[PDB]
Chemist: 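Just passing along the structure, written as structure tokens.
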Amino acid sequence: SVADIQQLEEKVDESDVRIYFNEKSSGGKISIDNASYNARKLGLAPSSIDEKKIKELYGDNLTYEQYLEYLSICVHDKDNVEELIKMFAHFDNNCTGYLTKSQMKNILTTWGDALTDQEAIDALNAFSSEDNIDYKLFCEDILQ
Amino acid sequence: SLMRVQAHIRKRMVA
């Protein structure tokens with residue numbers, strides 16, 4: 001291969017990668033949506049950038065090897081909690097270390113790969129019972 | 001960054 005697939009298969013288990021493919025494949029191919037689902041089951045976090053890259057190379061349906069290349073793009077070794085915290089800190093106008101659930105929802109649903117309102121609120125409610133969200137703790141949590 | 005946050009949230013949604 002050309003992609004860093006050996007390093008992927010040291011982080012994730014090849015058996016799981018293969019089993020999840022077989023769960024979702026049709027005619028020996030997997031849709032991008034199901035590839036992204038599998039990536040998430042494996043603990044990876046694809047964005048729209050990752051999906052669009054692979055779609056532009058190979059279309060909406062991936063062969064096994066193309067799916068492996070997609071998974072390699074999803075690894076994101078450079079993910080860094082401080083960069084995520086600083087993103088939310090930008091909106092912390094009063095410098096309290098908290099953002100309300102509504103504030104967090106607005107951020108998450110307005111820019112980037114926008115979540116739906118229900119997705120955002122469900123994620124926030126899963127993390128905290130209270131309205132003030134410690135966004136440092138939230139970022140530390142979501143990376144795990 | 002924001003897209004990374006959203007990506008990890010969607011990951012968490014699955015497991």
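In what follows, chains are A, B, ... by sequence order, proteins preceding strands, each numbered from 1.
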Chemist: Applying ring pair (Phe, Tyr, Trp, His ring centres under 6.0 Å), which residue pairs with at least one partner in residues 98-136 of chain A are found, sequence neighbours left out?
Modeler: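 Sorted pair list: A:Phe91-A:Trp111, A:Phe127-A:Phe138.
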Chemist: Less than 4.5 Å apart, side chain to side chain, heavy atoms only: is that true for A:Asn22 and A:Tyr64?
Modeler: no
Chemist: Do you know which two heavy atoms are closest between A:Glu9 and A:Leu68, and how far apart they sit?
Modeler: OE2-CD1, 3.9 Å
Chemist: Once side-chain contact (heavy atoms from CB on, under 4.5 Å) is applied, do any residues pair with A:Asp131, and if so which ones, sequence neighbours excluded?
Modeler: A:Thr100, A:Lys101
Chemist: Could you tell me which non-hydrogen atom of A:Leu62 sits nearest to which non-hydrogen atom of A:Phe21, and how far apart they are?
Modeler: O-CE1, 4.0 Å
Chemist: Given the rule that I, L, V, M, F, W and Y join up when any side-chain heavy atoms are under 4.5 Å apart, are A:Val81 and A:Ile107 in one cluster?
Modeler: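 Per the 4.5 Å side-chain linkage, A:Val81 and A:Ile107 are co-clustered.
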Chemist: Hydrogens and angles aside, do A:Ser1 and A:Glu69 bring a side-chain donor and acceptor to less than 3.5 Å of each other?
Modeler: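 No, no side-chain donor-acceptor pair sits under 3.5 Å.
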Chemist: Would you mind reporting whether B:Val5 and A:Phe88 have side-chain heavy atoms less than 4.5 Å apart?
Modeler: yes
Chemist: Evaluate side-chain contact (heavy atoms from CB on, under 4.5 Å) for A:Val12 paired with A:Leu71, printing each intermediate quantity in order.
Modeler: CA-CA 10 Å; A:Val12 301; A:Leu71 293 180; 5.6 Å; no
Chemist: Where is the tightest heavy-atom contact between A:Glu51 and A:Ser36, given as atom of each residue plus distance?
Modeler: OE2-OG, 2.6 Å
Chemist: I would like to know whether A:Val75 and A:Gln7 meet side-chain contact (heavy atoms from CB on, under 4.5 Å); could you show each step before the answer?
Modeler: CA-CA 9 Å; A:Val75 170; A:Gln7 195 170 10; over 6 Å; no
Chemist: Is A:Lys41 close to A:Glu23 at the side-chain level, that is, under 4.5 Å between some pair of heavy atoms?
Modeler: yes
Chemist: What are the two closest heavy atoms between A:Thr109 and A:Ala114, and how far apart are they?
Modeler: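 Nearest heavy atoms, A:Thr109 then A:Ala114: O-CB, 3.4 Å.
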Chemist: Taking atom OG1 of A:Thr110 and atom CG of A:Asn106, what is their separation to the nearest 0.5 Å?
Modeler: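 Here the rounded value is 5.0 Å.
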Chemist: Rounded to the nearest 0.5 Å, what separates atom OG in A:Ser47 from atom CD1 in A:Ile73?
Modeler: 10.0 Å
Chemist: Quick one: does A:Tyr70's side chain get under 4.5 Å of A:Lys53's, heavy atoms only?
Modeler: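 No, too far: nothing below the 4.5 Å cut-off.
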Chemist: Under the rule for salt bridge (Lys or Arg N to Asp or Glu O under 4.0 Å), what residues qualify as partners of B:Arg10, not counting sequence neighbours?
Modeler: none
Chemist: Using 0.5 Å steps for rounding, measure from the SG atom of A:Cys74 to the CG atom of A:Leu44.
Modeler: 6.0 Å
Chemist: Check the surroundings of atom CD in A:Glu65: do more than 12 heavy atoms from other residues, nucleotides or ligands lie under 6.0 Å from it?
Modeler: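 Count over threshold, so yes.
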Chemist: Could you tell me which non-hydrogen atom of A:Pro46 sits nearest to which non-hydrogen atom of A:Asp50, and how far apart they are?
Modeler: CA-OD2, 3.4 Å
Chemist: Any side-chain heavy atom of A:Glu83 within less than 4.5 Å of one from B:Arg4?
Modeler: no
Chemist: Between A:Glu140 and A:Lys136, does any NZ, NE, NH1 or NH2 come within less than 4.0 Å of an OD or OE carboxylate oxygen?
Modeler: yes
Chemist: Is it the case that one hydrophobic cluster holds both A:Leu124 and A:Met87, taking links as side-chain heavy atoms less than 4.5 Å apart, direct or via other members?
Modeler: yes
Chemist: Distance check, rounded to the nearest 0.5 Å: A:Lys105 atom NZ versus A:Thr116 atom OG1?
Modeler: 10.0 Å
Chemist: Are side-chain N/O atoms of A:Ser31 and A:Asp33 paired as donor and acceptor at under 3.5 Å?
Modeler: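 The criterion, which ignores hydrogens and geometry beyond distance, is not satisfied for A:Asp33 and A:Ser31.
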Chemist: Decide side-chain contact (heavy atoms from CB on, under 4.5 Å) for A:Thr63 and A:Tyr58; before the verdict, give the C-alpha distance in whole Å, the side-chain angles of both, and the deciding distance to 0.1 Å.
Modeler: CA-CA 9 Å; A:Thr63 65; A:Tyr58 297 130; over 6 Å; no
Chemist: May I ask you to test the A:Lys11-A:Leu8 pair for a side-chain heavy-atom distance under 4.5 Å?
Modeler: no
Chemist: Strictly distance-based, threshold 3.5 Å: is any side-chain N or O of B:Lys11 a donor or acceptor partner for the main-chain N or O of A:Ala39?
Modeler: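 No; zero donor-acceptor contacts below 3.5 Å.
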Chemist: Do B:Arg12 and A:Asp141 sit within salt-bridge range, that is, some charged N less than 4.0 Å from a carboxylate O?
Modeler: yes
Chemist: Where do A:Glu82 and A:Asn80 come nearest, in terms of heavy atoms and distance?
Modeler: N-OD1, 3.0 Å
Chemist: Can you tell me how far apart CE (B:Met13) and CD (A:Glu119) are? Round to the nearest 0.5 Å.
Modeler: 4.0 Å
Chemist: How many angstroms lie between OG in B:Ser1 and NE2 in A:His90, if you round to the nearest 0.5 Å?
Modeler: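 Those atoms lie 11.5 Å apart.
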Chemist: Inspect the surroundings of CG in A:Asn93 and state if more than 12 heavy atoms from other residues, nucleotides or ligands are less than 6.0 Å away.
Modeler: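 Check fails, neighbour count at 12 or below.
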Chemist: Can you tell if the side chain of A:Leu108 reaches within under 4.5 Å of the side chain of B:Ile9, non-hydrogen atoms only?
Modeler: yes
